[PDB]
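Q: sequence, then the experimental structure. Questions to follow.
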Amino acid sequence: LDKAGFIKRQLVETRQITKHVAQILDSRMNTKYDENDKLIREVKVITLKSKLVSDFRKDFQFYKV
DNA sequence: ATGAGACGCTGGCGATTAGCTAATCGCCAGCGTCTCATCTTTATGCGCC
């Protein structure tokens, strides 16, 4: 079962795509600005860590295969 | 009063492996008899409401 086909470059690649998308989506959804020259955040881009969702699947018998 | 979450060559070959109607034409077709009787029906020939 422990085939383990992943390569570290896919890890740093995931880090790359997340860092880029965060700053792409941060500017593509919020377009208007307020009266004090600050962008109006009609849509909030929320960054949830992997550890929380993993433990959420693990601590409530909602496992994933 | 820390220790899980992230899993391969396949497609494009050969080369097995397996299996099937169809289109063209030819051949070749159980048959032999008699008896006996039986009825019809036809060709021609003859008659007026």
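A: That came through fine. Numbering: from 1, shown residues only, chains lettered A, B, ... in the order given.

Q: in three-state terms, label the residue nearest the centre of chain A for me.
A: Geometric centre of chain A, nearest residue: residue A:47, 4.7 Å, by C-alpha atoms, centre = their mean. With DSSP: H, G, I helix; E, B strand; the rest coil as the basis, residue A:47 sits in coil.

Q: what sits against it?
A: Going by C-beta atoms under 8 Å, 6 or more residues apart in numbering, residue A:47 touches residue A:22. Using the backbone N, CA and C atoms, a C-beta is placed for each residue, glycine as well.

Q: which element follows the lengthiest helix in chain A toward the C-terminus?
A: What stands out as the longest helix in chain A, according to DSSP state H, is helix A:8-28. Using DSSP states H and E, the helix or strand that directly follows helix A:8-28 along the chain is helix A:50-58.

Q: what number of residues lie near the closest residue in space to residue A:25 that isn't next to it in sequence?
A: Among residues not flanking residue A:25 along the chain, residue A:45 sits closest, at 5.0 Å (C-beta to C-beta, 6 or more residues apart in numbering). If you count neighbours by other C-beta atoms under 10 Å, residue A:45 ends up with 15.

Q: now do the contacts for the closest residue to DNA strand B within chain A.
A: As assessed by C-beta to the nearest atom of the strand, DNA strand B sits closest to residue A:5 within chain A, at 2.3 Å. Residues near residue A:5 by C-beta under 8 Å, 6+ apart: none.

Q: distance check, it against residue A:42.
A: Noted for residue A:5: a distance of 41 Å to residue A:42, by C-beta to C-beta, to the nearest Å.

Q: return the residues of chain A in contact with DNA strand B.
A: With C-beta under 7 Å from any atom of the strand as the criterion, chain A comes near DNA strand B at residues A:1-6, A:11, A:14, A:50-51, A:54, A:58, A:64.

Q: same thing but at 10 Å, please
A: A:1-8, A:10-12, A:14-15, A:50-51, A:53-55, A:57-58, A:63-65 (C-beta under 10 Å from any atom of the strand).
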